[PDB]
Structures are given as C-alpha cells and as structure tokens.
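The data below hold one chain only, encoded as structure tokens and taken in the form deposited without 6-hydroxymethylpterin.
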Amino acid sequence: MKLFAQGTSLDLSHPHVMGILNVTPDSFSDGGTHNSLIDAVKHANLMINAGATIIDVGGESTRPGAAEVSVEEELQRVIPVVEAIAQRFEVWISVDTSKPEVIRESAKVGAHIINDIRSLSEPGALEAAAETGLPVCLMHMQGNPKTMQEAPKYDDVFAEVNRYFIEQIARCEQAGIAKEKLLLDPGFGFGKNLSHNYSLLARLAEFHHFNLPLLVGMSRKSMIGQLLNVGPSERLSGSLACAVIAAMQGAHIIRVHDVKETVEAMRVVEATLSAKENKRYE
C-alpha cells in the first residue's frame, strides 16, 4: 500500500517507525516560542538519523489531567516546527491537532498526515481535514482522552473498536474524504484497562479486514507500567516487546519514544517476515 501526500509517497510494505515530538507550552519553553525551535529541530534530526520515517508533532498533551491549549498557543508552536522540519528534511510529518485552523495551517506548511486524538470530532475539524486532502488517522477512544477517571466497561472491546471504525469511515466518506486516505488506530491506553489493551494487541491481525494501514502507539504506556510494575523510564524492554508483537501481525506505523532501538527491532521483524510464506503472524 502507498500513502500520497505533498507530492510524495510512503510505501507501507515494511513497518515504519514514527518519532514523537511534543512541543507543548510546558516543554517548548518559556512562553510562545523561545529558542526551543532549535531544540525541536536537533531532536527531529536525531530521530531521522536513528531511522524514523515519520515524525508526530503535537502541541497538546494527551495524558490524564493534561491542560487544554488555546488556538494561538498551538499555532505559535506547531506551525514553526512543522515548517522548519519540512524545509530541511525528507521525513513525513504528521500533526496531532484537534483544531480546524491548526489543520489548515499545518497543511499549508508541508504536514503529510492529520493525526488527531479526537478523530476530527471538534466543530469544523472534519471539514478542514477534508479541504486539505491529506491522509487522516482515526483513533478509538471512549470519553474524554485526558480524563483521570476510570476505564469503561465494554461488552466486548474488540467488537466496539471495530464498530467505531465502521462508523467513522462512513462519517469521513460523507464529508468527501476517500477511505483510501484513512489510517486506523485502536488507541491503546485510551479508554481501556490493562485487559482490554492486551485483548486488542492479541487480535491486532484481525483489523486487516478493513484493508487500511494500522498505526499503533504503545510506547512507555500503563499497559506496560502496570504489567511489569515499573516507572515511565524503565519501560524500554516492554515497549520493544509491544512493538514487535504489533509488527509481526502487520501494523504499518509504530509510534515510539525510543526510535534507535525500535528501528533495530523492526529490522529483525522484517528479516523474519521476508522469510515467512505470507508476511504475517496470525
């Protein structure tokens, strides 16, 4: 499968490692852009050289209890960074933003994929996304992403994620976005407890029936911290194990913090699927 955006293509024949670049008010320091723009570009550079092919630029934290960011705060931080990256490098760039104006402006400076945690649910976001013509990633979640309150109960979490994606592909089609520009994300860690998360990971090979690319982001999350009982920085081994289980089942983009190590794990996976009579574990 190939994605086309901004006069380029991304070939999803082999797994892609997507780096994380968050430029929130609390990390893209001291007011609305300091010299944190060369930090962001240094950081971009390291990830590309460690082998990342996509970079996910977001201006709003998605963690429990995270602050809301205003449109100006996001325009101020995200658009500088997306622009400077696209000028200097070959990488594909996706933007995680929920706001229509940030979608429109990030298209204008060279963003390739709109990767919104809220799946374009805000007023005018679908419309803006559609207008840009860019690839959009749809993500399951139940509730508000940044709540600090307990995980849903589901009749069946796999059945519910699957029926959510059928509903969102339709909505997007009704707004003129072709199915061919969609990517799907089960949304690990968002509205799911530890059991729900491993159920979705165990059955990731089943979401290929949509015949859409799968983007996955399990890096350093609670499904790893709770299972092993370790804090956020001692989660590498467990994050690499989730990355490999996902790629063995055919996930096309893996969103991680440790780019070097995951690229190395992905090489072993590729060498292995290359030798497999059907390029996927089921």
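Think of the rigid core as the biggest set of C-alphas that the two forms share within 1.5 Å after superposition. Shifts are known only where both forms have a C-alpha. Counting begins at 1, following the sequence as shown.
One more form of this protein exists, namely the form solved in complex with 6-hydroxymethylpterin; it is left out here, but the text below deals with it.
No atom of 6-hydroxymethylpterin lies within 2.4 Å of a backbone or C-beta atom here once its pose in the bound PDB entry is superimposed on the site C-alphas of this chain, so the site counts as open. Of the candidates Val81, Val161, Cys137, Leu120, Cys137 is the one whose heavy atoms come within 4.5 Å of 6-hydroxymethylpterin in the bound PDB entry; the others do not. Contact annotation: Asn115 falls within 4.5 Å of 6-hydroxymethylpterin in the bound PDB entry, judged by heavy atom distances.
In the bound PDB entry, 6-hydroxymethylpterin stays beyond 4.5 Å of every heavy atom belonging to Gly59.
None of the heavy atoms of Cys242 is located within 4.5 Å of 6-hydroxymethylpterin in the bound PDB entry. In the bound PDB entry, 6-hydroxymethylpterin stays beyond 4.5 Å of every heavy atom belonging to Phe207. The stretch in contact with 6-hydroxymethylpterin in the bound PDB entry, judged by heavy atoms within 4.5 Å, is 211-219, chosen from 33-41, 211-219, 242-250, 47-55. In sequence order, 187-189 is the sole run of at least 3 consecutive residues whose Cα positions differ by 2 Å or more between this form and the one not shown once the rigid core is superposed.
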